[PDB]
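Below you'll find the structure, written out as structure tokens, and then a few comments.
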Amino acid sequence: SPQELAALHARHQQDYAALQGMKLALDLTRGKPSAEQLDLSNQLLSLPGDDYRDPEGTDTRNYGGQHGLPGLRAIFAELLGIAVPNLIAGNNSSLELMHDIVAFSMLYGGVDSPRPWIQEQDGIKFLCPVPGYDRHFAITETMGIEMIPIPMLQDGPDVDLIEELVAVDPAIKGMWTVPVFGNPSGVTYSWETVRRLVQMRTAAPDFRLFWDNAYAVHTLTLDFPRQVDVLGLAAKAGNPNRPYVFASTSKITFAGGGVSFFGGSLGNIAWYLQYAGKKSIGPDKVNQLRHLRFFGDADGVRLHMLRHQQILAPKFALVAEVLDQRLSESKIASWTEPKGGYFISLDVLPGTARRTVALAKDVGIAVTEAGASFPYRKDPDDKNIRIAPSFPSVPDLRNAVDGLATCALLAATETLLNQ
Amino acid sequence: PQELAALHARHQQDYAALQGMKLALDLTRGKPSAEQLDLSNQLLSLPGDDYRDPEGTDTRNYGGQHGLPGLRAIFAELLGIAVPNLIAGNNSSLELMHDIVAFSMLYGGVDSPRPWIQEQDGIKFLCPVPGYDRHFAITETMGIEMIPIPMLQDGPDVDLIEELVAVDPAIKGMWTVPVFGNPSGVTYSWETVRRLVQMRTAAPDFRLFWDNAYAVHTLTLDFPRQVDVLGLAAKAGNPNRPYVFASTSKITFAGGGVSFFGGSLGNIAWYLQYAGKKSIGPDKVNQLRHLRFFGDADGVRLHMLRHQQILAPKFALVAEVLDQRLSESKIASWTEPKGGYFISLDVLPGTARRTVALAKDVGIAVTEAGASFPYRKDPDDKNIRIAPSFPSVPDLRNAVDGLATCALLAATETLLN
Ligand SMILES: Cc1ncc(COP(=O)(O)O)c(C=O)c1O
Ligand SMILES: *Cc1c(COP(=O)(O)O)cnc(C)c1O
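These protein sequences, in sequence, are chains A and C. Numbering-wise, the first sequence is residues 7 to 425 according to PDB author numbering. Numbering-wise, the second sequence is residues 8 to 424 according to PDB author numbering.
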């Protein structure tokens with residue numbers, strides 16, 4: 007009934023009134039480790055110690071070495087399934103590696119580009135599976151690269167749709183991906199999805215897969231995902247230069263104090279370093295030795311990620327319990343229960359996402375902007391909301407999610423009622 | 008006139024004897040010696056359990072593009088720049104210069120008519136010579152045309168500079184090392200700075216790339232007073248003209264230090280808007296390391312005096328060896344820098360490329376002839392850069408003495424022809 011809707015809306019008004027009265031100051035936008043997680047690697051603050059030399063004898067305190075410490079690259083070679091000469095180590099930002107590679111592609115073109123992308127006078131286009139990473143889209147938006155949203159399925163993106171786009175459009179030069187524990191879909195690419203993406207024919211000869219494996223070992227269970235050899239499949243398929251692989255220890259060690267990694271064919275490595283050499287003499291070797299001494303080996307990082315999991319998994323479980331209690335009866339919402347990564351993706355009643363965050367903002371609860379997971383912040387259904395549960399304490403988290411549920415219910419009946 | 012031929016023979020035997028000694032030395036590495044890096048070995052155990060900066064910031068976590076205020080304050084004093092006008096980045100000041108050029112080409116400066124890549128009249132930079140090869144590699148790779156400018160004693164030819172910038176709108180910038188130049192060793196005078204920030208430009212978005220890389224890198228016990236290039240520019244109505252750069256790569260660890268960028272509040276906001284598309288923020292833990300290590304600006308000055316104790320004898324050694332073997336024949340000239348990391352040696356014209364070839368054939372690595380010029384084009388084929396910071400004093404004297412043997416042989420060789 008329209009009248010029983012009006013009755014429920016009133017109950018939601020009192021709950022919002024009561025929630026507003028609690029005058030809170032919570033935040034669900036911070037995709038950063040908690041202080042408890044960062045304590046796990048406090049040994050780094052005293053590393054490397056007096057021994058400033060890596061196992062090869064190189065003085066990490068002095069200029070030199072573009073590829074990075076081989077000992078550290080060997081640890082993540084195993085974790086990612088990439089050969090050491092196909093993997094380099096940079097500074098504190100993997101996003102900076104992605105941005106530089108896009109900027110190099112526009113200014114100088116890829117290793118096999120017909121011309122720099124800026125010289126294509128009609129334009130450049132990237133494919134962006136949604137919901138996706140906002141900072142992925144900020145790179146292409148700032149660089150004038152147009153972005154084409156792609157639906158996300160269970161085992162990866164819509165490969166049928168991608169294969170038709172890249173076949174007809176030479177302007178499509180790349181695609182943003184998070185192939186493991188997607189931000190924020192939580193979706194991990196299947197072996198078949200990987201196989202077809204590196205095999206599909208592209209109108210652009212220099213099409214690139216931006217393989218941001220940012221959560222490669224960031225499990226929320228006791229199981230670690232088997233990495234698909236995207237570089238090996240691409241080489242066997244005749245497209246060795248297609249994948250650009252990225253990873254980072256920002257959510258393994260310190261967020262912003264870790265090490266970044268880039269992986270690709272030997273030509274792509276040489277191509278990137280030729281232009282990165284005009285920018286920097288080389289990366290920070292001392293921090294790379296800090297992580298080498300701290301980790302020890304690849305089995306060490308795996309154990310380190312299980313201590314992160316012990317801190318993180320109860321928080322993801324709490325968000326699922328609160329949303330299930332407040333919202334399952336309403337049948338207005340759906341949300342992921344991810345096996346890894348740092349984000350839960352919540353879908354509320356269409357046309358209420360922007361309203362839900364506005365209502366939450368004015369009771370002291372900061373929520374990720376509606377549409378952040380989409381290029382140009384354009385969620386066509388006005389329903390998606392990203393939830394970042396890693397940082398706040400369990401009690402702060404319990405109240406933020408419970409408050410967010412109250413606003414989502416109020417915004418729901420408000421939309422059904424007045425329209 | 009054949010007394011030349013008599014001397015050439017003596018030079019041939021000295022080269023023959025030099026070659027027979029089968030050396031393997033290097034005067035190319037512009038790096039601190041291991042002894043210099045040892046002064047900063049306390050950094051290898053810093054910051055310690057207290058991961059928080061004086062403001063309470065957890066440096067281990069995401070956030071903050073400006074950098075730690077405590078460290079920015081230390082170098083605010085050392086450079087003569089207000090703290091809000093200065094930011095701290097990662098381990099490379101060269102990467103700040105590259106990004107700012109790339110931002111200027113793709114997006115244009117804070118007050119540019121259009122991105123530089125959209126200029127059909129091309130983009131041009133003025134490059135005082137002898138200069139920094141990595142400065143020129145940026146503009147060379149970016150397709151920016153480079154204009155060599157002669158260096159005088161108090162700075163570059165400002166009269167020539169003011170003529171070019173006044174008539175050519177395509178001239179958008181200029182590469183400078185304002186104190187202890189790489190490799191001229193020249194420090195810009197107050198008058199030269201005042202004119203460069205006051206000269207009027209055909210390009211409304213002209214930029215002084217003020218790479219103050221050797222700002223506190225003295226080879227005496229006195230420190231150079233920094234010119235307030237930003238204040239003079241602001242009072243002259245060109246607040247956005249200077250981009251200031253500095254580094255701790257020659258202060259602490261080469262490649263493990265902190266970089267700095269300075270400018271007007273608009274240029275800081277302009278840079279950070281596009282640097283935010285590139286990175287969530289710089290390494291705050293390493294900036295906390297240097298803050299704990301330095302303590303204050305007076306600590307950095309003391310640290311630079313420890314570097315001077317190691318560096319000054321090496322520059323004095325190179326001067327003594329070149330004066331001994333070369334001054335009598337009057338073919339060569341070289342700088343005696345009061346600071347910086349490089350000595351600039353000029354031999355006879357048409358001799359540099361031959362001198363480095365002769366030196367490479369005796370196991371002595373000399374920096375490529377012309378490397379201090381855009382496109383490596385030394386029109387007189389005479390300049391040779393000497394980097395005396397890294398090798399041992401014995402290794403240094405042998406390489407420099409061997410260098411003089413080759414320069415004299417290539418001199419006599421050319422005189423005949
Ligand atoms: C998918 C993805 N890529 C990149 C990043 C940024 O990582 P980094 O610290 O290496 O720049 C994030 C962090 O949230 C992310 O979720
Ligand atoms: C050595 C030097 C630098 C050092 O820059 P980093 O990227 O921090 O290593 C910068 N400018 C000049 C002119 C130099 O000689």
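The beta carbon of each residue, even a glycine, is placed where N, CA and C say it ideally should be.
Status (buried if at least 16 other CB within 10 Å, exposed otherwise) for residue i
i, result
"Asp45 of chain C", "exposed"
"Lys321 of chain C", "buried"
"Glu170 of chain C", "exposed"
"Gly409 of chain A", "buried"
"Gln43 of chain A", "buried"
"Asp166 of chain C", "exposed"
"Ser334 of chain A", "exposed"
"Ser399 of chain C", "exposed"
"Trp197 of chain A", "exposed"
"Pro185 of chain C", "buried"
"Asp60 of chain A", "buried"
"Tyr139 of chain A", "buried"
"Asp385 of chain C", "buried"
"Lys337 of chain C", "exposed"
"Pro39 of chain C", "buried"
"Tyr221 of chain A", "buried"
"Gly74 of chain C", "buried"
Rounded distance between the beta-carbons of residue j and residue i, thought under 8 angstroms
i, j, result
"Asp161 of chain C", "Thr199 of chain C", "5 angstroms"
"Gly116 of chain A", "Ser266 of chain A", "About 20 angstroms; that fails the 8 angstroms criterion."
"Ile81 of chain A", "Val307 of chain A", "7 angstroms"
"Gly37 of chain A", "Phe187 of chain A", "The pair is not a contact, with the Cβ atoms about 13 angstroms apart (cut-off 8 angstroms)."
"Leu86 of chain A", "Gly269 of chain A", "7 angstroms"
"residue 444 of chain A", "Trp217 of chain A", "Nothing can be reported for residue 444 of chain A, as the shown portion of chain A is limited to 7 through 425."
"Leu32 of chain C", "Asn424 of chain C", "Incorrect: roughly 29 angstroms between the Cβ atoms, too far for contact."
"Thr374 of chain C", "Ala394 of chain C", "7 angstroms"
"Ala144 of chain A", "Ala109 of chain C", "Incorrect: roughly 16 angstroms between the Cβ atoms, too far for contact."
Own chain, CB closer than 6 angstroms to residue i, minus 5 neighbours either side, in chain order
i, result
"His18 of chain A", "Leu415, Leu416 and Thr419"
"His142 of chain A", "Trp182"
"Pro137 of chain A", "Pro190, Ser191, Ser351, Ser379 and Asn390"
"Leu329 of chain A", "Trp341"
"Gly71 of chain C", "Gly288"
"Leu279 of chain C", "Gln72"
Spatial neighbours of residue i in its chain, beta-carbon cut-off 8 angstroms, leaving aside the 5 residues before and after
i, result
"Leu14 of chain A", "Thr419"
"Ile168 of chain A", "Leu133, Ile156, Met181, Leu203 and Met206"
"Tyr22 of chain A", "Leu365, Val369, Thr412, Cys413 and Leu416"
"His310 of chain A", "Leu46, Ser47, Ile258 and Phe301"
"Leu50 of chain A", "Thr259, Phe260, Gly263, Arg296, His297 and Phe300"
"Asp65 of chain A", "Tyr58 and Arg59"
Contacting residues, own chain, Cβ-Cβ under 7 angstroms from residue i (five flanking each side not counted)
i, result
"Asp118 of chain C", "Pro211, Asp212 and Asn247"
"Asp303 of chain C", "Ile81"
"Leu312 of chain A", "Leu228"
"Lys29 of chain A", "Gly370"
"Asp128 of chain A", "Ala177"
"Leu101 of chain C", "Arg141"
"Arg232 of chain C", "none"
"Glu84 of chain C", "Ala304"
Beta-bridge pairing of residue i - partner residues as DSSP gives them
i, result
"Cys413 of chain C", "For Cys413 of chain C, which the question treats as bridged, DSSP gives no partner whatsoever."
"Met153 of chain A", "A:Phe132"
"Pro163 of chain A", "A:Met158"
"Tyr250 of chain C", "C:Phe216"
"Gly180 of chain A", "A:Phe132 and A:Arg214"
"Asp33 of chain A", "A:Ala372"
"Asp65 of chain C", "C:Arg59"
"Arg392 of chain A", "A:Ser351"
"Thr225 of chain A", "A:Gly346"
*Quick one: which unbroken alpha helix (DSSP H) runs of 4-plus residues sit fully inside the segment 252 to 281 of chain C? Chain order, please.*
Counting whole runs of 4 or more residues, the segment 252 to 281 of chain C contains no alpha helix (DSSP H) stretch at all.
*Runs of beta strand (DSSP E) lying entirely within the segment 316 to 371 of chain A, each at least 3 residues, in chain order*: Taking only runs of at least 3 residues, the beta strand (DSSP E) segments lying wholly in the segment 316 to 371 of chain A are 350 to 353.
_For a minimum of 3 consecutive residues, which ranges assigned as the beta strand (DSSP E) are wholly contained in the segment 81 to 132 of chain C?_
Counting only runs of 3 or more, we get 93 to 95.
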